[PDB]
Each structure stands twice: as structure tokens, then as C-alpha cells.
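One chain comes next, on its own, written out as C-alpha cells in the form deposited in one PDB entry.
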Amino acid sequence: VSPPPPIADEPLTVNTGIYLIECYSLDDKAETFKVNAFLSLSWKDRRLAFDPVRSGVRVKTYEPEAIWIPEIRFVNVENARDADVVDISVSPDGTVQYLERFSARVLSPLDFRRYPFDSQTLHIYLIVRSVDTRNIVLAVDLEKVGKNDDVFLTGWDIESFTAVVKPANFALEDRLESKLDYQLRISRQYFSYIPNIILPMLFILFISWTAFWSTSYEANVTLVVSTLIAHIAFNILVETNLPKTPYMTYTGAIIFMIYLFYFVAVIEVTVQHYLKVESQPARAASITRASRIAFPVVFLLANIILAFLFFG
């Protein structure tokens, strides 16, 4: 119909609230997730007031096409939400209670600096646009914000679901707008990464390090290059999941360090064989004895330094 008119100049306040039902399909590469929740709205319309005694009823039920309903939209969605109306009720003083169930796909950036052990915050933005006759603002109803106990995300742990009470008011396309922020905090389940990726990689590296206790050139070459091939296959498998980022991450640094270590091991084997052929066995023995202790200690120190750099 038409937005309600003020007494003198006051803005119209709409109280909102979101109750989560389902959360699924978190795509790391596309930075998307899908949601299924309740949307609650409430405002005051004095034109709908009635006398309970004369009417003989306490609550009046309306239809969406029979009264004025504010237009609320989500900002970071791929398309408009698929919503259906559940209930509309009017109090004797004119207060309207609105409820609906929707479904939508949300876009939200992610941070991968600590990819196996990272935490993320997902954002949902609600906006309303002011009409040429009235100014509309948004508020938060704290008793209508929550989530179901059966909400589960495959691979993540859900911590909290709150909202920022203070809205943001600005001007866009020669009109005023109000924005609300709903935040969902999640943590990644990293248990499966240890025995699936972390430990076999260490085993393969330790297997490659056995060339320092041998003097056969062909066996050393075979060991080191074959372990390198296995490392390449594991790196391809891991990289199939991580997206491309404009910064450095923990896993990428570790993989690059492993490549560097393989290169240095090849150089050491080559040097030892060259010295042995040149009839200098003592120097080659000394070099291989040094390397036997040098490689693991440097690996451990570099890993400690990287862990401090990325998590400290």
C-alpha cells in the first residue's frame, strides 16, 4: 500500500533477527557457503490498530499483499533469496510480527595464512533502502538470534553466531541505507591432516636421508630421485585443494623448504662421489659424517623458525 506516516519526523525502526537451521557446502576455492534460516521482522503501523473488545479477538492475521511490508535485501548473495511467508500477525496497538523461511548462497572472503590450523569469520549483510516519504533504520532483536543444535558443517567446528548491534548508515544512489552485520565464527578440524599427509611425508624424507650411510653412487641416486618423485606426487595431491593466494602460507613454505632440502642432498651426493673418484676418501668421509648430523638439525631449526614466524 504505502509506508506508514510519522507523527512529525521520526524514522521507522525495523527489528530483525536470524535463526539458523542449516549450514552446508563451504567451498574454499569459490569462497561460498549455503544457508537455510528464519528471518524475523517487526515494526509499528498505527493504521492497523483495533479494539480487542469490539472485534472479540486478540491477534489479527493478515496476508502479505494486504499490508505494507518493508523491502529487506541481502548484500553479499549471488542471487535473490528463495523465501516463503510463514506468519503475519498484528497486535491491538499496531505492532506487526513477520516471519519467513529463506535459502541463499553467500560470498565471503577467507584467509589462508595458517591453512591447516586457521579460523574464519563469515559475514551476512542486511540492508534496507529509505522511501521518498519515510526514513527507515534497522535494529537487532537479541531474543530472536540463534542457531539449531543440529547445525553441522563438514570439516568445521561452529563456535558462535552473533550480530553487531550498531548499524551503518550512509548514502547510495541519492538515498539513505542502513546495514547490519551477522558474524559466524568457525574453526577447522585439523585432526585428519596429521596421519594423512604430515607423517608419511616425514617418513619419505627420512627414507631419502639414508643415503648418507652408503657409498654406492647408483643406489644413492635411485633413492634420492625416487623420493623426489614421491614428494612431487604428494605435493600435487595437497595443492589440488588449496586455492591461489597473493601471500605466502604455511604449507607452501614447508613444501618449498622440502624442495630445497632435496636439491642440497643431491649436491652432497654428487660432491661425495666426485671426491671419492679423485682419490680423496678422507675428505668424502668427513663430509658425509658432517652431513649425517647437519641435515636433521637444520631441518628442525628451520621448522621451529617457520612456526614462530607464522603463529607467533
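Whichever C-alpha set is largest while still superposing within 1.5 Å between the two forms counts as the rigid core. From 1 onward, residues are counted along the sequence shown.
Q: Are coordinates for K244 absent from at least a third of the other PDB entries that model its neighbours?
A: No, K244 is modelled in every one of the other compared entries that cover both of its flanks.
Q: In at least one third of the other PDB entries compared, is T32 left unmodelled?
A: Negative; every one of those entries includes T32.
Below, we refer to the form deposited in another entry, which is not included among the displayed structures.
Q: For a quick test of reading the superposition: does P296 move by 2 Å or more at the CA between the shown form and the other one, rigid core aligned?
A: After core superposition, the C-alpha of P296 moves less than 2 Å between the shown form and the other one.
Q: Align both forms on the core first, then report whether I267 has a C-alpha shift of 2 Å or more between the shown form and the other one.
A: Result for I267: no, shift under 2 Å.
Q: When the rigid core is used for the superposition, does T227 move between the shown form and the other one (threshold: C-alpha shift of 2 Å or more)?
A: For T227, whose C-alpha is compared between the shown form and the other one after core superposition, the shift is less than 2 Å.
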